[PDB]
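Undergrad: Dropping in protein.cif, with mmCIF, C-alpha atoms and all ligand atoms.
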```cif
data_work
loop_
_atom_site.label_atom_id
_atom_site.label_comp_id
_atom_site.auth_asym_id
_atom_site.auth_seq_id
_atom_site.Cartn_x
_atom_site.Cartn_y
_atom_site.Cartn_z
CA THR A 1 69.57 -29.40 80.00
CA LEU A 2 72.41 -27.09 78.97
CA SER A 3 75.71 -27.57 80.80
CA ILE A 4 79.32 -26.46 80.57
CA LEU A 5 81.95 -29.20 80.67
CA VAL A 6 85.49 -27.95 81.21
CA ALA A 7 88.85 -28.56 82.88
CA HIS A 8 90.81 -25.48 83.98
CA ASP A 9 93.84 -24.79 86.15
CA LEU A 10 94.22 -22.41 89.12
CA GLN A 11 94.42 -19.38 86.80
CA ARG A 12 91.67 -20.70 84.48
CA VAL A 13 94.04 -21.91 81.74
CA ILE A 14 92.28 -24.45 79.47
CA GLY A 15 94.79 -24.80 76.59
CA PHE A 16 98.20 -24.09 75.15
CA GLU A 17 99.10 -24.31 71.46
CA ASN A 18 96.09 -26.47 70.53
CA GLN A 19 96.80 -28.95 73.36
CA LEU A 20 95.57 -29.70 76.84
CA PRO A 21 98.48 -28.44 78.99
CA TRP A 22 98.25 -31.47 81.33
CA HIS A 23 97.87 -35.26 81.12
CA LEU A 24 94.98 -36.51 83.25
CA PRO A 25 93.37 -39.86 82.27
CA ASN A 26 90.91 -39.55 85.22
CA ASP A 27 89.44 -36.42 83.66
CA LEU A 28 89.11 -38.06 80.23
CA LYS A 29 87.14 -40.87 81.96
CA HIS A 30 84.98 -38.20 83.65
CA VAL A 31 84.22 -36.64 80.23
CA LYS A 32 83.38 -40.08 78.78
CA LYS A 33 81.04 -40.87 81.67
CA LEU A 34 79.20 -37.54 81.55
CA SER A 35 78.83 -37.06 77.81
CA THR A 36 78.41 -40.57 76.32
CA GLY A 37 74.89 -40.86 74.88
CA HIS A 38 74.43 -37.07 74.94
CA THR A 39 75.57 -34.02 72.92
CA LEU A 40 78.85 -32.10 72.84
CA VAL A 41 78.93 -28.63 71.27
CA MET A 42 82.28 -27.13 70.40
CA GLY A 43 83.75 -24.21 68.48
CA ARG A 44 85.59 -24.92 65.24
CA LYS A 45 89.05 -24.44 66.76
CA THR A 46 88.30 -26.84 69.61
CA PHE A 47 87.10 -29.49 67.17
CA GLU A 48 90.19 -29.16 64.98
CA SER A 49 92.40 -29.65 68.05
CA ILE A 50 90.92 -33.18 68.30
CA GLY A 51 90.48 -33.73 64.54
CA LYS A 52 87.76 -36.39 64.84
CA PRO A 53 84.40 -36.69 66.65
CA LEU A 54 84.22 -38.49 69.99
CA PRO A 55 82.39 -41.86 69.72
CA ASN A 56 78.95 -42.75 71.15
CA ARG A 57 77.50 -39.21 71.37
CA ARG A 58 76.39 -36.38 69.08
CA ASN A 59 79.27 -34.11 68.01
CA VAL A 60 78.14 -30.57 67.11
CA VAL A 61 80.55 -27.98 65.72
CA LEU A 62 79.84 -24.26 65.59
CA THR A 63 81.48 -22.48 62.61
CA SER A 64 80.78 -19.70 60.07
CA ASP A 65 82.28 -21.99 57.40
CA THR A 66 79.53 -22.97 54.94
CA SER A 67 81.77 -25.68 53.42
CA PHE A 68 82.68 -27.29 56.73
CA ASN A 69 81.87 -30.98 56.54
CA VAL A 70 83.18 -33.87 58.62
CA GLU A 71 81.84 -37.43 58.85
CA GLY A 72 80.21 -37.95 62.26
CA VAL A 73 79.86 -34.23 62.95
CA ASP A 74 76.73 -32.06 62.81
CA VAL A 75 77.33 -28.41 61.90
CA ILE A 76 75.63 -25.32 63.31
CA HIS A 77 76.18 -21.70 62.26
CA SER A 78 74.76 -19.67 65.17
CA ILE A 79 74.53 -19.78 68.98
CA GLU A 80 70.73 -19.72 68.67
CA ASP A 81 70.99 -23.16 67.03
CA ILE A 82 72.28 -24.61 70.33
CA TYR A 83 68.88 -24.09 72.00
CA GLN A 84 67.18 -26.38 69.43
CA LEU A 85 69.42 -29.37 70.19
CA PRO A 86 67.47 -32.06 72.09
CA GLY A 87 68.54 -33.77 75.31
CA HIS A 88 71.49 -32.99 77.57
CA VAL A 89 73.87 -30.64 75.75
CA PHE A 90 77.42 -29.96 77.02
CA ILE A 91 79.35 -26.87 75.92
CA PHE A 92 82.78 -28.42 75.36
CA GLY A 93 85.09 -25.53 74.36
CA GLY A 94 86.85 -23.32 73.68
CA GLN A 95 87.47 -19.88 75.18
CA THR A 96 85.21 -18.06 72.69
CA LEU A 97 82.29 -20.47 73.06
CA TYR A 98 82.58 -20.45 76.87
CA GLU A 99 82.59 -16.62 76.85
CA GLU A 100 79.42 -16.70 74.74
CA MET A 101 77.68 -19.38 76.85
CA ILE A 102 78.67 -18.93 80.52
CA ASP A 103 75.75 -16.56 81.26
CA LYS A 104 73.30 -18.92 79.50
CA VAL A 105 73.95 -22.41 80.92
CA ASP A 106 71.99 -24.19 83.68
CA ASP A 107 75.06 -25.67 85.33
CA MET A 108 78.78 -26.39 84.98
CA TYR A 109 80.88 -29.52 85.35
CA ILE A 110 84.35 -28.19 86.13
CA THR A 111 87.53 -30.13 86.76
CA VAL A 112 89.80 -27.81 88.74
CA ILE A 113 93.44 -28.71 88.06
CA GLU A 114 95.39 -27.62 91.15
CA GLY A 115 98.43 -26.31 89.27
CA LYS A 116 99.68 -23.28 87.31
CA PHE A 117 100.39 -24.07 83.66
CA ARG A 118 101.53 -21.92 80.74
CA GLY A 119 98.44 -21.18 78.66
CA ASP A 120 97.07 -19.21 75.72
CA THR A 121 93.39 -20.10 76.16
CA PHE A 122 91.28 -19.30 79.25
CA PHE A 123 87.94 -20.09 80.87
CA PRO A 124 86.07 -16.85 81.71
CA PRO A 125 86.14 -15.48 85.30
CA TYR A 126 83.23 -16.54 87.51
CA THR A 127 82.24 -16.07 91.17
CA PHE A 128 80.93 -18.63 93.67
CA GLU A 129 78.46 -15.86 94.58
CA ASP A 130 76.49 -16.92 91.48
CA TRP A 131 77.07 -20.70 91.69
CA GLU A 132 76.01 -23.29 94.29
CA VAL A 133 78.35 -26.26 94.85
CA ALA A 134 76.15 -29.30 94.15
CA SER A 135 79.15 -31.62 94.63
CA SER A 136 82.92 -31.43 95.00
CA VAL A 137 84.95 -34.64 94.65
CA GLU A 138 88.74 -34.95 94.83
CA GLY A 139 90.36 -36.99 92.07
CA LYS A 140 92.72 -39.81 93.00
CA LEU A 141 96.46 -39.21 92.69
CA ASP A 142 97.81 -42.14 90.79
CA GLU A 143 100.54 -43.79 88.75
CA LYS A 144 98.92 -42.24 85.66
CA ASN A 145 97.31 -39.15 87.30
CA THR A 146 99.95 -37.00 88.94
CA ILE A 147 98.27 -33.58 89.27
CA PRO A 148 95.79 -32.85 92.08
CA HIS A 149 92.32 -32.21 90.65
CA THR A 150 88.75 -31.73 91.86
CA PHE A 151 85.46 -32.43 90.09
CA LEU A 152 82.94 -29.65 90.77
CA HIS A 153 79.30 -29.59 89.78
CA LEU A 154 78.09 -25.99 90.05
CA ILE A 155 74.44 -24.95 89.68
CA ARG A 156 73.31 -21.40 88.88
CA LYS A 157 71.81 -19.83 92.04
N1 LIG A 201 90.34 -26.92 76.46
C1 LIG A 201 89.90 -26.46 75.30
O1 LIG A 201 88.55 -26.13 75.06
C2 LIG A 201 90.87 -26.29 74.19
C3 LIG A 201 90.54 -25.38 73.20
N2 LIG A 201 91.52 -25.01 72.35
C4 LIG A 201 91.27 -24.02 71.35
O2 LIG A 201 90.70 -22.81 71.69
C5 LIG A 201 91.81 -21.98 71.37
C6 LIG A 201 91.43 -20.52 71.28
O3 LIG A 201 90.44 -20.40 70.30
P1 LIG A 201 88.87 -20.26 70.62
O4 LIG A 201 88.38 -19.21 69.70
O5 LIG A 201 88.61 -20.16 72.07
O6 LIG A 201 88.33 -21.67 70.11
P2 LIG A 201 86.84 -22.16 69.83
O7 LIG A 201 86.80 -23.63 69.98
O8 LIG A 201 85.88 -21.46 70.73
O9 LIG A 201 86.57 -21.80 68.29
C7 LIG A 201 86.25 -20.49 67.85
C8 LIG A 201 85.56 -20.65 66.51
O10 LIG A 201 84.24 -21.15 66.69
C9 LIG A 201 83.36 -20.54 65.78
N3 LIG A 201 82.37 -19.70 66.47
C10 LIG A 201 82.39 -19.27 67.78
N4 LIG A 201 81.27 -18.54 68.00
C11 LIG A 201 80.53 -18.51 66.86
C12 LIG A 201 79.32 -17.92 66.51
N5 LIG A 201 78.62 -17.21 67.38
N6 LIG A 201 78.82 -18.08 65.22
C13 LIG A 201 79.52 -18.82 64.29
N7 LIG A 201 80.73 -19.40 64.64
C14 LIG A 201 81.22 -19.24 65.90
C15 LIG A 201 84.26 -19.75 64.85
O11 LIG A 201 84.67 -20.65 63.86
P3 LIG A 201 85.01 -20.17 62.36
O12 LIG A 201 86.22 -19.26 62.46
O13 LIG A 201 85.34 -21.40 61.56
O14 LIG A 201 83.81 -19.43 61.82
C16 LIG A 201 85.41 -19.35 65.74
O15 LIG A 201 86.61 -18.96 65.08
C17 LIG A 201 92.40 -22.53 70.06
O16 LIG A 201 93.79 -22.32 69.98
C18 LIG A 201 92.02 -24.00 70.08
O17 LIG A 201 93.14 -24.83 70.21
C19 LIG A 201 92.82 -25.44 72.48
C20 LIG A 201 93.13 -26.38 73.44
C21 LIG A 201 92.15 -26.80 74.31
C1 LIG A 202 88.90 -35.81 74.89
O1 LIG A 202 90.29 -35.60 74.54
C2 LIG A 202 90.62 -34.32 74.18
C3 LIG A 202 89.74 -33.25 74.35
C4 LIG A 202 90.12 -31.96 73.96
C5 LIG A 202 89.12 -30.81 74.16
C6 LIG A 202 89.82 -29.46 74.02
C7 LIG A 202 88.04 -30.92 73.09
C8 LIG A 202 88.57 -30.91 75.52
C9 LIG A 202 88.15 -31.03 76.67
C10 LIG A 202 87.72 -31.23 78.03
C11 LIG A 202 88.45 -32.06 78.88
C12 LIG A 202 89.71 -32.77 78.38
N1 LIG A 202 88.06 -32.24 80.16
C13 LIG A 202 86.96 -31.62 80.62
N2 LIG A 202 86.58 -31.83 81.88
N3 LIG A 202 86.23 -30.82 79.82
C14 LIG A 202 86.58 -30.61 78.54
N4 LIG A 202 85.86 -29.80 77.76
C15 LIG A 202 91.39 -31.74 73.41
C16 LIG A 202 92.28 -32.80 73.24
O2 LIG A 202 93.54 -32.63 72.71
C17 LIG A 202 93.91 -31.29 72.32
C18 LIG A 202 91.88 -34.09 73.63
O3 LIG A 202 92.72 -35.16 73.48
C19 LIG A 202 92.56 -35.70 72.14
#
```
Do you think you could lay out the structure here as structure tokens?
TA:
Amino acid sequence: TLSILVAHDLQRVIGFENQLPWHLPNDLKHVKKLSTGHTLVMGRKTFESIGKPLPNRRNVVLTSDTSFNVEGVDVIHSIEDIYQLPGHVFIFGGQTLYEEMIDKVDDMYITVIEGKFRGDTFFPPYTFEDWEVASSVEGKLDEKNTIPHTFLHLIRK
């Protein structure tokens, strides 16, 4: 299964200056729950924004860099390589990889952040005309989670 896993705001912002623009522990838990024991695929820039692989799952980085080597990370050098990865594979970022993959994936796990943040990195436009809403669940507003947010699971029609 090939899925997108992303959090974006009302204008599809996903990042600003190598950071997540918002602080949402609930969404980090969501990522942990979905991707633990599976595979994350990310572009080089996305990986370097975290600096280390996430524990208890396969971490795959796409780069043209033939020297690229990080403990706990498996490297791939083309998009075609993604289709040979076994199991449930989640496309994890960033803008470039999402642009390359959005027309290819089976489904998308999207956290909609109900705010408007300053951004420099964007999720590509998409229409609900092409995507069925399998589930839509409101996140809990909290002491530690102060931005309204919704977990969507969208399946390609
Ligand atoms: N929410 C998120 O996903 C976040 C993402 N980001 C980031 O994304 C921002 C914008 O950069 P963006 O380009 O979208 O980042 P990406 O994570 O998509 O990384 C792009 C890089 O991935 C590699 N790559 C992509 N496609 C291919 C391909 N077909 N073949 C070989 N290599 C490929 C290249 O690495 P190389 O140049 O090494 O060859 C390319 O420069 C960055 O500023 C970074 O911080 C920032 C914050 C949050
Ligand atoms: C998992 O934590 C981070 C993830 C990320 C990335 C960009 C790899 C991501 C993501 C992501 C999140 C947070 N939520 C959802 N739903 N999908 C994603 N791809 C960047 C970070 O800092 C810049 C993170 O904090 C260390």
Undergrad: Measure the distance from atom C8 of ligand LIG 202 (chain A) to CA of residue 132 (chain A) in Å and round it to one decimal.
TA: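 The value is 23.8 Å.
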Undergrad: Given only C-alpha atoms, how would the per-residue table for region 11-110 of chain A near region 119-127 of chain A read, listing every residue at most 7 Å away with its closest atom pair and distance in Å to one decimal, sorted by chain and number, as a Markdown table?
TA:
```
| residue | atom | partner | partner_atom | distance |
| --- | --- | --- | --- | --- |
| A:12 | CA | A:123 | CA | 5.2 |
| A:13 | CA | A:122 | CA | 4.5 |
| A:14 | CA | A:122 | CA | 5.3 |
| A:15 | CA | A:121 | CA | 4.9 |
| A:16 | CA | A:119 | CA | 4.6 |
| A:17 | CA | A:120 | CA | 6.9 |
| A:95 | CA | A:122 | CA | 5.6 |
| A:98 | CA | A:123 | CA | 6.7 |
| A:99 | CA | A:124 | CA | 6.0 |
```
Undergrad: What's around residue 133 (chain A) at 12 Å? Count only C-alpha atoms, leave out sequence neighbours fewer than 4 positions away in its own chain, and write the answer as a ChimeraX atom specification.
TA: /A:107-110,127-129,137,151-157
Undergrad: Convert the current residue selection to file output with C-alpha atoms, as a compact mmCIF listing (two decimals), keeping the file's coordinate frame.
TA:
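Listed below is the output, selection13.txt:
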```txt
# COMPACT_ATOMS: atom_id res chain seq x y z
CA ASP A 107 75.06 -25.67 85.33
CA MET A 108 78.78 -26.39 84.98
CA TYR A 109 80.88 -29.52 85.35
CA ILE A 110 84.35 -28.19 86.13
CA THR A 127 82.24 -16.07 91.17
CA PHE A 128 80.93 -18.63 93.67
CA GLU A 129 78.46 -15.86 94.58
CA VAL A 137 84.95 -34.64 94.65
CA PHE A 151 85.46 -32.43 90.09
CA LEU A 152 82.94 -29.65 90.77
CA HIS A 153 79.30 -29.59 89.78
CA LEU A 154 78.09 -25.99 90.05
CA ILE A 155 74.44 -24.95 89.68
CA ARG A 156 73.31 -21.40 88.88
CA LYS A 157 71.81 -19.83 92.04
```
Undergrad: Hey, which residues come within 9 Å of ligand LIG 201 (chain A) if we count only C-alpha atoms and all ligand atoms? Could you give them as a ChimeraX atom specification?
TA: /A:6-8,13-21,42-50,61-66,68,76-80,92-100,120-123
Undergrad: Quick one: 3 Å padding each side, axis-aligned, all listed atoms of region 103-122 of chain A - centre and edge lengths in Å to one decimal, as AutoDock Vina command-line options?
TA:
```
--center_x 86.8 --center_y -23.3 --center_z 83.4 --size_x 35.5 --size_y 19.6 --size_z 21.4
```
Undergrad: What lies within 9 Å of residue 115 (chain A) using only C-alpha atoms, ignoring chain neighbours under 4 positions off, as a VMD selection string?
TA: chain A and resid 9 to 11 147 to 149
Undergrad: Any idea what's packed within 10 Å of residue 74 (chain A), counting only C-alpha atoms, ignoring anything in its chain fewer than 3 positions away? Could you give it as an MDAnalysis selection string?
TA: chainID A and resid 41 53 58:62 68:71
Undergrad: What does the distance between CA of residue 2 (chain A) and CA of residue 91 (chain A) come to in Å, to one decimal place?
TA: 7.6 Å
Undergrad: For a quick check of understanding, using only C-alpha atoms and all ligand atoms, which of A:150, A:138, A:130, A:143 has the smallest distance to ligand LIG 202 (chain A)?
TA: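 Using only C-alpha atoms and all ligand atoms, the shortest distance to ligand LIG 202 (chain A) belongs to A:150.
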Undergrad: For ligand LIG 202 (chain A), which of A:72, A:25, A:87, A:139 is the closest residue, counting only C-alpha atoms and all ligand atoms?
TA: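 So, comparing all the options, the nearest one is A:25.
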Undergrad: Restricting the calculation to only C-alpha atoms and all ligand atoms: of A:116, A:56, A:37, A:90, which residue gets closest to ligand LIG 202 (chain A)?
TA: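 The shortest atom-to-atom distance to ligand LIG 202 (chain A) comes from A:90.
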Undergrad: Between CA of residue 135 (chain A) and atom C9 of ligand LIG 202 (chain A), measure the distance and give it in Å to one decimal.
TA: 20.1 Å
Undergrad: Which is closest to ligand LIG 202 (chain A) among A:146, A:111, A:26, A:136, if we use only C-alpha atoms and all ligand atoms?
TA: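 Answer, going by the shortest atom-to-atom distance: A:111.
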